[PDB]
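1. below is the sequence, then the experimental coordinates.
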Amino acid sequence: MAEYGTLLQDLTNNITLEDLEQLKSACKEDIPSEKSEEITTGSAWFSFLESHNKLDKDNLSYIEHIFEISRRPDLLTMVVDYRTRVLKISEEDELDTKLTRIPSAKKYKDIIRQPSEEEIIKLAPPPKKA
């Protein structure tokens with residue numbers, strides 16, 4: 001999920017305001033013009049997209065299309081290459097399986113799973129004054 005954030009950020013880094021409008025132009029059919037006005041960045045778009053059902057942490061099919069229909073294979077390439085690269089890392093077997101709440105396979109949330117890994121938390125370099 002983090003790589004995905006950076007992925008979008010990476011193409012966003014290569015995303016020009018002009019290029020975005022091209023994406024937006026292509027997205028005129030998928031994304032509303034009322035929101036296109038505030039899409040001054042790939043981040044602004046992805047954020048809107050994220051805020052909406054246009055872009056999940058792993059769903060880039062619609063965006064990858066934008067990058068495809070638009071004449072900017074450089075951004076698409078990052079998304080495309082990332083798709084496989086992160087997929088090659090996060091080699092999930094239950095990706096094709098639509099099983100959600102399956103205590104017989106999937107793990108329930110009755111157990112409290114904390115995301116704060118305080119074990120390897122000392123490896124972070126925060127800008128706090130000593």
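-> Noted; the coordinates are in hand. Numbers count the residues shown, from 1 in each chain.
2. quick one, phi psi at the nearest residue to residue 71 once chain neighbours are set aside?
-> Closest residue in space to residue 71, ignoring its immediate chain neighbours: residue 22 at 7.1 Å, by Cβ to Cβ, 6 or more residues apart in numbering. C-beta here means a position set from N, CA and C on the backbone, and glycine is covered the same way. Main-chain dihedrals, residue 22, degrees, to the nearest 10: phi -70, psi -40.
3. next: residue 60.
-> phi -120, psi 10.
4. state the distance from it to residue 23.
-> Counting by Cβ to Cβ, to the nearest Å, the separation of residue 60 from residue 23 is 13 Å.
5. and residue 41, by the same measure?
-> Taken as Cβ to Cβ, the span from residue 41 to residue 23 is 11 Å.
6. buried residues, whichever strand or helix holds residue 83. List them.
-> Following DSSP states H and E, the helix or strand that holds residue 83 is helix 73-89. By neighbour count on 16 or more other Cβ atoms under 10 Å, the buried set for helix 73-89 is 75-76, 78-79, 82-83, 86.
7. dump it to CSV, restricted to CA.
-> The C-alpha trace of helix 73-89 is given here as CSV (Å, rounded to 0.1, in the frame of the first residue of the first chain):
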residue,chain,number,x,y,z
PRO,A,73,3.7,6.0,-21.5
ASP,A,74,6.3,7.2,-18.9
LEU,A,75,3.8,7.5,-16.1
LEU,A,76,1.9,4.4,-17.3
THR,A,77,5.2,2.5,-17.3
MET,A,78,5.8,3.3,-13.6
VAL,A,79,2.2,2.1,-12.9
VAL,A,80,2.7,-0.9,-15.2
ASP,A,81,6.1,-1.8,-13.9
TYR,A,82,5.0,-1.2,-10.4
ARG,A,83,2.0,-3.4,-10.9
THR,A,84,4.3,-6.3,-11.5
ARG,A,85,7.2,-5.2,-9.3
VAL,A,86,5.0,-4.8,-6.1
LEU,A,87,3.0,-7.8,-7.2
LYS,A,88,6.2,-9.8,-7.5
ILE,A,89,6.9,-8.7,-3.9
